[PDB]
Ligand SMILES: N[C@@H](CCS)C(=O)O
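Okay, here we've got a single chain as structure tokens, the form deposited without the ligand, with questions on binding and movement later.
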């Protein structure tokens, strides 16, 4: 324990080879027994605790492990279990899984999955009723207490991590039988349950608890933020551990007044995202409260600059004293891959710039020792050379050249306004009124794709297999009589990795898995440098699909903002600069598609709202502006007769931003008074006419009446006819009938003209 302690806010639990996914999925399909699942959990926790102890981390977390989601874990522990999950005599591990994955696997719905702030993790929404009885569920045991005791038996003193009451309630929602319930009003009922838990943790031997209150980086209603004082007045006492109120991902300053007189033992703040909040946040400390300074990024894969991170910490030190500063990860390392050392195919120069969760443990320790005065000179020197090698690999380290060298409006504008383009597109494609199309995906080829990865087939044979599947999908759309076709994207794994693995300025990993939801993990690409496009990324398969039909075939691309958001970004330049470079890369792909005869092109940005900055203000309004501008740069090089499409199904869509794209045609998921939101849409628009989830083939008449309802709002000149989203989750027969009814409905309308 150095004078200045080191701290980790959580550790990824998935395992270095995805052991957690393997044993959990095996348990669901009735392979693994309950004991084997629990033994694997125990073994992961032990390994991870020991890894952190061996690296020298002073404050090591417990309760950060989960078989599914830590928020779900708290719902189970506090008995926030809707009544429908208790009716099948399920063991507690199965109640957890039924809430997480859904009840249908136990019957004779899952809870809502929600983004965790602006990370790429998702949690299971706490759901509350007037009938909810909050109590400590000793049924299974008490997860925090049992896992604290497990670590202690191993000779590892840990700090339990729990999501705090205010955040837990605020992030939850009223169940359907209680739509009047304001979750925050439940605080008096849930606080005694937190108190009992905290008492039990003190009794087990915990000296300090990390109590996460991240909603403090959000714009909080007064009815919510005015409660921090009475919540923590109630929790703090001599019978519970010291409480470290922990925030991350943002700026708490706007909420400072709410937490300026809390009886807690100290705070944690994110000084990676918001280093500038230091002065103000430090000023609220009283009574020997401690400041945990988050300076090792828990959400990115870059070696930390030890000189710069040490200097931020040294400012904290100057402000509250060495005995009251802690060096910490900025957030849980849940959001980074487990271990860089399992990567064997990375360029050696680039691998030297990275640090994954396991390596971050060494980094916080190095920084804590640095400011404490210990000799880590060798590590500082190595680190200073890595940082320099990295800064020298981009066009300029200088922000003056960097700010100036990054979009003239011309680059972001088509050559003519839509009405003029429409005249040329009509003449080129001769589409009728109510033209029909689909969004992209069709029912699925699994084997052969894996065989080609395994080396069992050659590229030529894989190519022949891709081409037969494209052919089958194209011919099926022709038989149905759709007007604008898609190729089914059989060649693509994932709409981001497919691009991230081809673009310049990117690296990709073999094992760089991060948990996204439950047992579903992602392996995000990494932007390491200035981005450009080195080859034709999608042209081959599109040109093949277009060569077998006389109907127009959509090219299909992912837009720049979505590639950026589903990748690990550079931490040395703005997101804006990266999006614009990605925009210019995609512009070359679009221009190539067009040049190869693919003149109808869909460019999809499903991650927009996900990347929305957490507070209303300047960063948010800039984001929307540059987000749109990036899309326009990608799409504005084309001739007037080339038709740009874009599809939108991504939760709470912003029609103002959609309008800023100047896309020729948009499709919008749609199947109460919602049609009015897009009533002023300027170009062409296809409001989805059926729900690709709903379990029923809509009749022709059902299509006809839905088209009639839309025609009360839109002109027929603007209207495209298409489903809500892709069809890969349906069976072929339901897809044939649905789409056949859709086209026949369309034709009826054409005739009535």
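Heads up, when I say rigid core I mean the largest set of C-alphas that superpose within 1.5 Å between the two forms. Positions refer to the first chain, counted from 1.
J.: Note how many residues of the deposited chain are left out of the model between residue 656 and residue 657; the options are none, 1 to 3, 4 to 9, and 10 or more.
T.: Unresolved stretch here: none.
J.: Between residue 550 and residue 551, count the deposited residues left without coordinates and pick a bin: none, 1 to 3, 4 to 9, 10 or more.
T.: According to the record, the chain runs unbroken from residue 550 to residue 551.
J.: Which is higher on average in the deposited entry, the C-alpha temperature factors of 137 to 145 or of 523 to 531?
T.: It is 137 to 145.
J.: Could you check the entry and say whether 446 to 454 or 468 to 476 has the higher mean CA B-factor?
T.: It is 446 to 454.
J.: If you compare 233, 196, 212, 494, which has the highest Cα B-factor in the entry?
T.: Highest C-alpha B-factor among the listed residues goes to 494.
J.: At the C-alpha atoms, which of 286, 565, 335, 189 reaches the highest B-factor in this entry?
T.: If I rank 286, 565, 335, 189 by C-alpha B-factor, first place goes to 286.
J.: Residue 122's Cα B-factor: lowest, middle or highest third of the chain?
T.: According to the entry, residue 122 has a C-alpha B-factor in the chain's lowest third.
J.: Of the three thirds of its chain by CA temperature factor, lowest, middle or highest, which one includes residue 746?
T.: Its C-alpha B-factor belongs to the middle third of this chain's values.
J.: Going by the recorded CA B-factors, say which third of the chain residue 18 sits in, lowest, middle or highest.
T.: Middle third.
J.: Relative to the other modelled residues of the same chain, rank the CA B-factor of residue 56 and answer lowest, middle or highest third.
T.: For residue 56, whose C-alpha B-factor we compare with every modelled residue in the chain, the answer is the middle third.
J.: Comparing against every modelled residue in the chain, figure out the third that the C-alpha B-factor of residue 181 lands in (lowest, middle or highest).
T.: Highest third.
This next part talks about the form solved in complex with the ligand, which is not shown.
J.: So the ligand isn't shown here. In the deposited bound form, which residue out of 370, 602, 635, 629 has a non-hydrogen atom within 4.5 Å of it?
T.: It is 602 that has a heavy atom within 4.5 Å of the partner.
J.: Scan 655, 606, 552, 611 and let me know which has any heavy atom within 4.5 Å of the ligand in the deposited bound form.
T.: Contact residue from the list: 606.
J.: Tell me which stretch of 27 to 35, 63 to 71, 718 to 726, 46 to 54 has a heavy atom within 4.5 angstroms of the ligand in the deposited bound form.
T.: The contacting stretch is 718 to 726.
J.: Residue 360 near the ligand in the deposited bound form, any heavy atom under 4.5 Å?
T.: No - in the deposited bound form, heavy atoms of residue 360 and the ligand never come within 4.5 Å of each other.
J.: Check residue 489 for me: does it contact the ligand in the deposited bound form (non-hydrogen atoms, 4.5 angstroms)?
T.: Contact with the ligand, yes.
J.: Test of understanding: in the deposited bound form, would residue 495 fall inside 4.5 Å of the ligand by heavy atoms?
T.: Residue 495 belongs to the contact set for the ligand.
J.: Applying a 4.5 Å heavy atom distance criterion, does residue 169 contact the ligand in the deposited bound form?
T.: Contact with the ligand, no.
J.: Just to make sure I understand: among 419 to 456, which residues lie within 4.5 Å of the ligand in the deposited bound form, judging by heavy atoms?
T.: Residues within 4.5 Å: 439, 440, 441.
J.: Hey, after the core superposition between this form and the one not shown, which of 419, 92, 192, 141 has the C-alpha moving 2 angstroms or more?
T.: With the rigid core fitted, the residue that moves is 419.
J.: Does residue 722 move appreciably between this form and the one not shown, meaning a CA displacement of 2 Å or more on the superposed rigid core?
T.: Where the cores coincide, residue 722 still shows a C-alpha shift between this form and the one not shown that is 2 Å or more.
J.: Take the rigid core as the frame of reference and indicate whether the C-alpha of residue 430 shifts by 2 Å or more between this form and the one not shown.
T.: Yes: residue 430 shifts by at least 2 Å between this form and the one not shown.
J.: Given a superposition on the rigid core, I'd like a yes or no on whether residue 471 shifts its C-alpha by 2 Å or more between this form and the one not shown.
T.: The answer is no; the displacement is under 2 Å.
J.: Against the shown form, C-alpha atoms of residue 302 and residue 399 in the deposited bound form: closer or farther, for a change of 3 Å or more?
T.: It is farther: the C-alpha separation of residue 302 and residue 399 rises by at least 3 Å in the deposited bound form.
J.: Relative to what we see here, could you say if residue 567 and residue 401 have their Cα atoms closer or farther apart in the deposited bound form, with a change of 3 Å or more?
T.: Closer together, by at least 3 Å.
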